[PDB]
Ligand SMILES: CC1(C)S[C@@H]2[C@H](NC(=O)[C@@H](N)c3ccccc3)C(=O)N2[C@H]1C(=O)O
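Listed next as structure tokens is one chain, alone, in the form deposited without the named molecule.
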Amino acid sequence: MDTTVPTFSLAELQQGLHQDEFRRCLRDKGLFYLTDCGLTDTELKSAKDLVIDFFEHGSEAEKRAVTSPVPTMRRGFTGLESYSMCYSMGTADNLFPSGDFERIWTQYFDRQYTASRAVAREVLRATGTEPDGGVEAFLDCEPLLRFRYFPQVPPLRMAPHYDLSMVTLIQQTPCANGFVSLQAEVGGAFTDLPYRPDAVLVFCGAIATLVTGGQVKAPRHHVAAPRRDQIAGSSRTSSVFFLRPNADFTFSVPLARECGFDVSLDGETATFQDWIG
């Protein structure tokens, strides 16, 4: 029935406003747009410009030195070869082309990490939730940022997934031609998730569901390639920041499958580590 995605100001939520609507939204949709949270369009454009500058003008030997060694370990570039190029970062072990790149992207990652902790902190407070060990130890974690860029201009459809994250924050730049790759299931339909001025998009992931004892939905979503007719003017970017728990974070396996999550393992409990390793 209900297929819209709400918008909230983070400062207002922190200010105690809109408590009932926020709780409903988490339980029933697990996704929303967010303003006033310490992220800006301008910070995104600059980070984006630098990486595109490198894509276009970095030499062959420079490009190889920052290309990721093994895709398992998720750092450096992919697809620079001179669909899409990709740049990934974590809290350490990062690969940078230059000093200014390192500074701008370190700052961008820090702000994004900070915005994500603040959002997660709000999700836990609205569901009256205290993870074991405390909120702060839990949010001081092992996050990952992935920035994708689709150049071509100025195919297999994959199945919707949920994210293996406490929270995921998504910023994007729009397509000239109006095309929207990001879609989620809300109330039984597939809804578009476009660029919205001065808003970051937020998804709750499975970890949010687990940590709140089922009070938050993790929405299924997929990103779609353009069809042949909608290729002209389909260049775009996204920045995706996964707030992932520490490897030693633990959960009840009754609970996990009871929520509908493919779990290989068995027993009373497990870690996040073995749930992907």
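Each residue number is its position in the shown sequence, starting from 1. Just so we're on the same page, rigid core means the largest C-alpha set that superposes within 1.5 Å between forms.
Annotation: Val153 belongs to the positions left without coordinates in at least a third of the other compared entries, with flanking residues modelled.
Compared with the other entries of this protein, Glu185 is consistently built, present in every one of those that build its neighbours rather than absent from a third. The gap between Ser82 and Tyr83 holds 10 or more unmodelled residues of the deposited sequence. In this entry, no coordinate-free residues of the deposited sequence separate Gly134 from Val135. For the pair 58-66 and 215-223, the record assigns the higher mean C-alpha temperature factor to 58-66. Higher average CA B factor: 260-268, of the stretches 18-26 and 260-268. Per the deposited coordinates, the residue with the largest Cα temperature factor out of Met158, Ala118, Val202, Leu144 is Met158. Which of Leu34, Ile231, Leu243, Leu50 has the largest Cα B-factor in the deposited entry comes down to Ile231. Among all modelled residues in this chain, the alpha-carbon of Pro71 has a temperature factor (C-alpha) in the highest third. Residue-level temperature factors show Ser252 in the highest third of its chain, judged at the C-alpha atom. Sort the modelled residues of the chain by CA B factor and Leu164 lands in the middle third. Placement of the Cα temperature factor of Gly188 within the chain: middle third of the modelled residues, per the deposited record. Annotation for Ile104: C-alpha temperature factor in the lowest third relative to the rest of the modelled chain, per the entry.
If you look for the form deposited with the named molecule bound, you will not find it shown, but the lines that follow are about it.
With the partner omitted here, the residue from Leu44, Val66, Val223, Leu50 that has a non-hydrogen atom within 4.5 angstroms of the named molecule in the deposited bound form is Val223.
Proximity to the named molecule in the deposited bound form, defined as a heavy atom within 4.5 Å, holds among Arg117, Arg125, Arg74, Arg111 only for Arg74. In the deposited bound form, no residue of the candidate spot (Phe138, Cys204 and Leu243) has a heavy atom lying within 4.5 Å of the named molecule.
Within 4.5 Å of any heavy atom of the named molecule in the deposited bound form lies no heavy atom of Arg103. The shortest heavy atom separation between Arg121 and the named molecule in the deposited bound form exceeds 4.5 Å. At the 4.5 Å threshold, heavy atoms of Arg196 stay clear of the named molecule in the deposited bound form, well away from it.
Shown alone here, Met158 lies within 4.5 Å of the named molecule in the deposited bound form, counting heavy atoms only. Residues within 4.5 angstroms of the named molecule in the deposited bound form, judged by any non-hydrogen atom, belong to 165-173 and to none of the other stretches in 184-192, 127-135, 165-173, 91-99. Per-residue Cα shift between the shown form and the other one after core alignment stays below 2 Å for all of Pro71, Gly187, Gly134, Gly178 except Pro71. With the core held fixed between the shown form and the other one, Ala225 has its Cα displaced by at least 2 Å. A displacement of 2 angstroms or greater separates the C-alpha positions of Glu258 between the shown form and the other one, with the rigid core held in common. After superposition on the rigid core, the Cα of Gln19 moves by less than 2 Å between the shown form and the other one. Pairwise change in the deposited bound form: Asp132 and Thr269 C-alpha atoms lie closer than in the shown form, at least 3 Å. In the deposited bound form, the separation between the C-alpha atoms of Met73 and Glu43 shrinks by 3 Å or more relative to the displayed form.
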